[PDB]
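Engineer: I need the structure of the sequence given here:
(7 chains, ligands or ions: 29)
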Amino acid sequence: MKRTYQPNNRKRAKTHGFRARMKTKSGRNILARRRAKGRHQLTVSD
Amino acid sequence: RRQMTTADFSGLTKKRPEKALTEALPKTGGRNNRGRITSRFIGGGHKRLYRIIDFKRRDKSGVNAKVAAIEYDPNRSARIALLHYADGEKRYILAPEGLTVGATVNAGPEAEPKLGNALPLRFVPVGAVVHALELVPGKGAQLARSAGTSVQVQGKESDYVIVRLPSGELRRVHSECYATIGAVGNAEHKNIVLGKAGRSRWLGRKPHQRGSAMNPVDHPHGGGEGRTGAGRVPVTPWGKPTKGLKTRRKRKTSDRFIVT
RNA sequence: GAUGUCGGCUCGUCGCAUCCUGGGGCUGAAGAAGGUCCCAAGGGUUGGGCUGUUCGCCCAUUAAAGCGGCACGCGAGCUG
RNA sequence: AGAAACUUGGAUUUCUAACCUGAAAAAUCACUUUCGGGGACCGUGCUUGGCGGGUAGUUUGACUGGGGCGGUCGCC
RNA sequence: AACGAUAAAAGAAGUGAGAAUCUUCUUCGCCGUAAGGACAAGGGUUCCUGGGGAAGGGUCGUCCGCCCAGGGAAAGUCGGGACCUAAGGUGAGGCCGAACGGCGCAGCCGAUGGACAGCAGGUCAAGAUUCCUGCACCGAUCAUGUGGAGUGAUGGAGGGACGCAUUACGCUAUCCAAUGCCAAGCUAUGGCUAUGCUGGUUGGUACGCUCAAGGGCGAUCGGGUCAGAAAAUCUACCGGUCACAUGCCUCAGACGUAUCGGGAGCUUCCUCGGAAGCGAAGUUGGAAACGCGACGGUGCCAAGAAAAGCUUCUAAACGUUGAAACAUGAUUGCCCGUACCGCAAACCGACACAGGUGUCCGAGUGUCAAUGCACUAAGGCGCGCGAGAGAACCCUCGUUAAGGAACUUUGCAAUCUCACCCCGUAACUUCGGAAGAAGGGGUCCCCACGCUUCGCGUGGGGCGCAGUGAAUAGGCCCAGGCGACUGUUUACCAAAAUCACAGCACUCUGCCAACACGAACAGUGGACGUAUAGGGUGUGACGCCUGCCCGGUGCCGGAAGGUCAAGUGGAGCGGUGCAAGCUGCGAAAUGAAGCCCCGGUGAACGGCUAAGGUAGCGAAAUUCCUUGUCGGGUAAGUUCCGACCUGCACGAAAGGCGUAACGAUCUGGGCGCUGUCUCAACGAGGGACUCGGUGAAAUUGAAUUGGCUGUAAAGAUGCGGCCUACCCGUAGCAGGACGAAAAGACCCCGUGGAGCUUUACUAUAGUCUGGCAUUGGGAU
RNA sequence: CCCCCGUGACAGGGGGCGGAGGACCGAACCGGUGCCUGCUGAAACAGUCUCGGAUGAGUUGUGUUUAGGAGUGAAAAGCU
RNA sequence: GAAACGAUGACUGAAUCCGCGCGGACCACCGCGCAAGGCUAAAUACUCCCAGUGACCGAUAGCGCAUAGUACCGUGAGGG
Ligand SMILES: [Mg+2]
Ligand SMILES: [Mg+2]
Ligand SMILES: [Mg+2]
Ligand SMILES: [Mg+2]
Ligand SMILES: [Mg+2]
Ligand SMILES: [Mg+2]
Ligand SMILES: [Mg+2]
Ligand SMILES: [Mg+2]
Ligand SMILES: [Mg+2]
Ligand SMILES: [Mg+2]
Ligand SMILES: [Mg+2]
Ligand SMILES: [Mg+2]
Ligand SMILES: [Mg+2]
Ligand SMILES: [Mg+2]
Ligand SMILES: [Mg+2]
Ligand SMILES: [Mg+2]
Ligand SMILES: [Mg+2]
Ligand SMILES: [Mg+2]
Ligand SMILES: [Mg+2]
Ligand SMILES: [Mg+2]
Ligand SMILES: [Mg+2]
Ligand SMILES: [Mg+2]
Ligand SMILES: [Mg+2]
Ligand SMILES: [Mg+2]
Ligand SMILES: [Mg+2]
Ligand SMILES: [Mg+2]
Ligand SMILES: [Mg+2]
Ligand SMILES: [Mg+2]
Ligand SMILES: [Mg+2]
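Structural biologist: Numbering: from 1, shown residues only, chains lettered A, B, ... in the order given. Ligands and ions are numbered 1, 2, ... in the order given. Find the structure here:
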C-alpha cells in the first residue's frame, strides 16, 4: 500500500514555495489573501 | 534481398553494410508542443541521434569529391553517403541506387549527368530520372528523399521544367533548383516485413488504436453493443475517404494535372 | 428512512384428499394376483445418469418409492 | 454613321516598388545585400450567404385499476 | 470481544516502596539473499551520560524511541557550492496578445549524468577517507637557483564520446584443504594421549636489473586554396618516404627487501569493572567474481547525450638581458552536509500498524549449478499481556478400514505427480514444433579395476519398509468453442471470447503537407519527416477466398437548366415646402459557393418496390418451436462430438471457411489419484472456556419482554379467551423481535438532474463563399 | 563459417562449430489465476497456499512536462 | 419598433458665421444651442484604524478567538 504522500523536500519547495508564488500572480494573490487570513503561515516556513 | 529467419515467429529484416559512426548532432524524442499531445503516438524508440546532411549542396560547386563510405542512419530511411571534397571539407549526402563506394561526385551548373552529381534542372536531360529536388533555389531538397523514390523530367516551360513526382503527379518546378541524378536507393522498404508487435516499438510507439473500441466520450465511432459504426469519420467528423483537404493557394497554379 | 429473490444443502414439523404397512365392505372376487370404495396419519417412503432447475425422462431397485403446508418452511444456517 | 483623347468599370494575361518568402559571414531577429522564388493571389480586417452534434443550451403532454404498448382528449 | 502473526521459553542472581516483564549470568528456540550490515530519500535530537515514573507503552514497569537537564556532530582530497551541461525552466533584444498575459535566438539556471588531489591504522559514554599517529598528494601566492627565452585567447582543431547480447586470456577481493607454521591448554565419560581438540595464518607505503597475462600506438617531408569566418607549425584532405611478424608504450597483479600498521592471545591493575602494557606465525594446494587488467574479441539491428576540464594552433597584447617548464623550501587551504533511524517502533500509512520504500555487501555445509532448499557463522531476535483448562463450535495442519467422484453448478478443494541420469515417445504439423508427449528404469553405503575434472562407468559385496532416505520438486491424456501467437485491460467483485498485435485494404496529403494545440497573419507538434513518406479509418498471423444490389444517404467528377445573400443598379409610389431642393418605402436585369439535376464510387453508411445470397458454413458464443431427428460415448447423457436440413433472425476485411503452435480462456470425455463423497473417526496446534491485568463496539422510545387460538391497518410478547410458567445467572443455537447496516439502486411520481445520441429545436467554434479594405502598373 | 553427400521440374541432408530468440524452467523483481481466512480487519483492498510474466511492448530511481469540457488512456467512461 | 440621438468595429469622409448640431422617422416654419483641447476643492461613498454612546451580547451569546487564525485537518488552495 504505497500512500498518497511521498515527501520530497525539493518538490514541496519547487511547487508551493514562496519563490514559487513569486512567478505568478495567482500565488501572490494567495500570499496577500493568506496574510490577511489571520496571521497564517505562508508555505515555506511550514 | 533481405535477411530471413527459420521458424521462430519471424519474417524479414534488411541488410546493412559499410560501418563508420561519425560526427553529428544529438536529437531528442517528443510528440508535442507547449501543450498536450498533437501528433498521436510515436513516443518510443531506440534513442537515435541525428546526422546533419546536406541537401542543397551549393557551395561545393566546381569542386569534385569522393564517396568515402555509405552508412545507414535513422531519421532518414535512405542510404547516407559520406563525401570528402578537394576542399578538405567532409559532407553528408543521400546515396542513390547503384552508387559504388569511392566514385567521383562533382557539383555545380557545369556538372555531368552522372550518379550523385548536383546540378540544376535546366541542365537536366529530357526524360532523365533524378532525386533530391528543391522547390525553390536555395533552401534544400524536399523532393524524392524517401524509400526507393525518384522524379523524372517531362519538358521545359520558361524558367520551369515539368517534373513527375512519385505519387505520379505532374508539376511545374523551375529550372533554377538543384537536382541529384538517380533514384534514392534505399533498398526497398516495402520489402521488410517489420517483424512483430514491438518491431514498431523499435522505431516508434504504439500504432493505430481504433476509435470503435472507444466510448462516445472519446471518439465518434465509440458506443454501441457489438462491433460497428455509422457515418465514417475521424477525431473530428471530417471523414477520411475522398474529401479534398487542400485549400485554394499560390503553388496551385504552379501545379498541372495533379490527378492522383 | 428495505419484509433478500430461483434452485440445492442442513434441520425439521404439520394436514390427509393414504404411495407402503394395518382393519374392513363390494366385485365382471374360484385360488393366486387384482379393480374399486370405507376406517386408519404409528412408522416408513432407496441409490444413480441428464438439467441451475423444482417438475420431467431414463438406469438398477423396492413394502412403497405419497401429495401438500409451514413467508412457493429454512441466506443474522451454508451454497450462490 | 469614323475616331484622337482623358478613360469609370468586368474578364484572361504580364509586370514590380506593397506584402509573403529562402539562401549568404551574422541559428529567433534586424540589417546591407548578389539576390532567389512566389506575388495583387495567399494571409488578414468588415460584411454576405452556405455548411457545421465538433461544441453549447434545451425540448421531448396527460388520462391510465403500476408504468409502457394500444387506445382517448373538443362538440352533438 | 479483543491486547495486532503459533520464531516457544526456562532457572538462578541482582535492584527496588512494589518485578512474569528492568539488569546480569547460564541455557533454550528464531532469522541468517535475513528478520545481518552499509547508504539514499524522508524524519529531526529520537544518539550518548545522569536522572525521572504523570500521561504515552494495548498488562506490568524500577523500563523505553516517553519526561527533565547536560553533553555529543570537526574535512584542501568524501557528496554538493565557488566548474560543465540534458529534459525542463528561463529569458534583454525579438515575435504575438481586451487586460492579467502566451512565445521566443543567444545567454543562464537546472544531477539523475561529465570533470576533479590520500591511504593505512588508533580511539571519547556519544564523531571520523573529518580528530591523532605514520607516511602521502593537489592547486595557489612568493623566495634561492636552473633555464637563460616567448607566453600561446570568449576563436580553430583534437579529445572528451557513450548501444545490446555473447566470449578468449591473466589477476585480485574472497572462500576451501592439510601429519604446513604459531599459540593455549586440559583431556576422564568406552577409547584418543596426538597423527587429537580450539584459535590465529598480512594491510599500507617505498625502492628493486625480479615475474607477468592483458592492454593502444604508425613517423616525418610536402601540395592545393576552394576547407575549418580570418590565422596557424594545429586539423581535414590528394601525394612522397620509411614502417610487413621483431617493434615500440604502460603495466592489473604476483615476488623479494624494507618499513609502518595490524594480529591469536598474553601480563599487570581494577574504584567489581574496564583501563593499560606486551606480542607468535604469517605455508603449500585448490576454487573464484557482475570487480580489475582494458576504451579487449566476435557477432547483431532497432544504429546507441551534451558541454567544460584537457591536448595541440594562431588572432591580439605585452616581452624578445629579467619567458614557458622543472624541484626546493616556505605560506596557503573559504561555504554547506556528517549525530541517530534508515525494509523500519524513528520514513509514507491516526497506531510502537502482518502493508509500502530505491541502491550496495550478503559467509559456510550438503545439493549438476544457484541469491533455490534445509541447517548453521558473524550479526540480530523470541514479535511489551500473562498463566491454567484440554467441552460444543471455529480456523490451520496430520493419519485413515472397505469403496474411489457414488460429491457437486463444476473433481471446487485436496491428493496423486515431482529433481537429475538412462532408455523410450503418437495423431497433426507452418517441418521449428507438438514433447518433459505417453510410458520404463536408475538413485544409498563399502571394496577392487579403469577414466576425460569436481567425479564417473564397470564388476563384486552390505544394510533398511524405503536410498533427489529429511527441504526445495510438472498428474496426464482424447475431443472441441474463442482468439492465432509474447503482450494489454476494469488501483477496490469482471483477465476474458476485450484492447493491442504483425500483416492486409480504403482514403487523405507536393511540404509554410494534410492533421492536431492555440487569447494570436505568434509559436510549436507532424519533422529538422517528404508521397515503397506523414495522417485518418476499418480488418486482424497464416492458407483458400472476399459474391449480388448504388434506389435512398455520404463521397469524388460534371455541366443544359431551375432556385437563391449582401451588393452594383433604380422603373415607379409617397410625405413636405410657394420652390430650389430635402426626404419614407421601393423592380426589371445583373450577383458566389450552395441544394434540386446528370454520372460514377461500396475492404463508403447500407440492403438480400436497387436487387433481393457466389463459395464457404448451418439447430452454431446466433435455434424461437427444442430435451429438433438419426448416431457416438453412458447401466441411464436436456450438456458434449458427428451427421441432416425446416437457418424463428450465418455469410464473405462490422470479413467467410480453415489451420500447427499458443492460452492461470471456455466446453465434454478418459486415465491416474485422492475425505469431494457413502460417513465419518482419531491426532496436533491456534481461538473458543477458567484466574489475575488493561478493556472497546455497532445498537438502544421506554420495557416488569411466554404459548396456542382469535382479533385488530390484512404476519400480535404489549388487544381477547385459554393454556403455560419460582428468583438470578453461565456455556451454547440462530427460529422470532417484520432483528442490524445504508431516507430502495428495482418500480412509479417530480412540468428535478446529469452523461450520451441524432435526418428534435436553436445558436456557435470551425469552414466555405460574393463584396469592400491593405491593394499598385501595363499590354489586352 | 569449416569438412561429408544430393541436383533423372525438385529439395538439402549428416557432422563440427557458432550463441540466435516479443524461446523455455526458474529466484529476485514486476503481476494478480483459484480456494480459503479476514469484514475498522494486522490492513479504507490484505494473509497463507496455488498461479502469470521472469532479455522484453521488460522493471526501477532521480529531475521534469501535460489538467476540468480539460488532461491521459495497448480503451473499463479507466485514471487524474 | 414609425427609432430619433449619443457610441464606436469596417468602408466612407462636409461645411466654416447670407454657417453648422439638436428638438424622437422625415419636411418647412419656429425655437434651444455654437461639438471635434485640457485642469478644476466643495456637497457624495467607505471604515484598517481612534473616540463616544446603546429598551447590543455576557462564556453553546458576543468577532472564529475573554486572543489563536494558534492547536488541529489537507500535498496544496483552503479549512479551523
Ligand atoms: Mg468499448
Ligand atoms: Mg460524439
Ligand atoms: Mg458508433
Ligand atoms: Mg422460499
Ligand atoms: Mg403519467
Ligand atoms: Mg503483541
Ligand atoms: Mg520462543
Ligand atoms: Mg534456524
Ligand atoms: Mg501502563
Ligand atoms: Mg587447525
Ligand atoms: Mg510491537
Ligand atoms: Mg549460502
Ligand atoms: Mg479412506
Ligand atoms: Mg487402503
Ligand atoms: Mg455425479
Ligand atoms: Mg447428485
Ligand atoms: Mg483443483
Ligand atoms: Mg488471446
Ligand atoms: Mg480479478
Ligand atoms: Mg463485399
Ligand atoms: Mg442421444
Ligand atoms: Mg498470456
Ligand atoms: Mg417475568
Ligand atoms: Mg397491558
Ligand atoms: Mg395474551
Ligand atoms: Mg452465532
Ligand atoms: Mg432490517
Ligand atoms: Mg426513497
Ligand atoms: Mg460501456
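Engineer: the longest helix seen in chain A packs against which elements?
Structural biologist: In chain A, taking DSSP state H as the definition, the longest helix is helix A:25-35. Judged by 3 or more CB pairs under 8 Å, 6 or more residues apart in numbering or on different chains; DSSP states H and E, the packing partners of helix A:25-35 are helix A:18-22. In this view, the C-beta of every residue, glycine as well, is placed from N, C-alpha and C.
Engineer: in the helix it packs on, what counts as buried?
Structural biologist: Applying a neighbour-count criterion of 16 or more other CB atoms under 10 Å in any protein chain shown, the buried positions in helix A:18-22 are residue A:21.
Engineer: so which residues make contact with it?
Structural biologist: Contacts with helix A:18-22, where a contact means CB atoms under 8 Å, 6 or more residues apart in numbering or on different chains, come from A:13-14, A:27-28, A:30-31, A:42-44.
Engineer: kindly recompute the last result at 10 Å.
Structural biologist: A:12-14, A:27-31, A:34, A:42-45 (CB atoms under 10 Å, 6 or more residues apart in numbering or on different chains).
Engineer: out of those, which is nearest to residue B:260?
Structural biologist: Closest to residue B:260 out of the contacts of helix A:18-22 is residue A:14 (55.0 Å), distances taken as CB to CB.
Engineer: so that closest one sits right up against residue A:43, yeah?
Structural biologist: No: applying CB atoms under 10 Å as the test, residue A:14 and residue A:43 come out as separate, 11.3 Å apart.
Engineer: which residue is the nearest non-sequential neighbour of residue 21?
Structural biologist: Because you didn't say which chain, this covers chain A. residue A:27 (3.1 Å; CB to CB, 6 or more residues apart in numbering or on different chains).
Engineer: switch to chain B, that's the one I care about
Structural biologist: Per CB to CB, 6+ apart, closest to residue B:21 is residue B:71, 7.6 Å.
Engineer: how many neighbouring residues does the one you found have?
Structural biologist: Neighbourhood size, residue B:71 [other CB atoms under 10 Å in any protein chain shown]: 20.
Engineer: confirm it sits in a helix?
Structural biologist: No: assessed with DSSP: H, G, I helix; E, B strand; the rest coil, residue B:71 is strand; it does not lie in a helix.
Engineer: surely it and residue B:16 touch.
Structural biologist: Yes: between residue B:71 and residue B:16 there is a contact under CB under 10 Å: 8.8 Å.
Engineer: what residues are shared contacts of those two?
Structural biologist: Contacts common to residue B:71 and residue B:16, judged by CB under 10 Å, 6+ apart, are residue B:79.
Engineer: on that earlier part again, any buried residues in the longest helix of chain A, and which?
Structural biologist: For helix A:25-35, a neighbour-count test (16+ other CB under 10 Å) marks A:27, A:30 as buried.
Engineer: quick one: it near RNA strand G?
Structural biologist: Yes: Helix A:25-35 comes into contact with RNA strand G (CB under 7 Å from any atom of the strand), by way of A:30, A:33-34.
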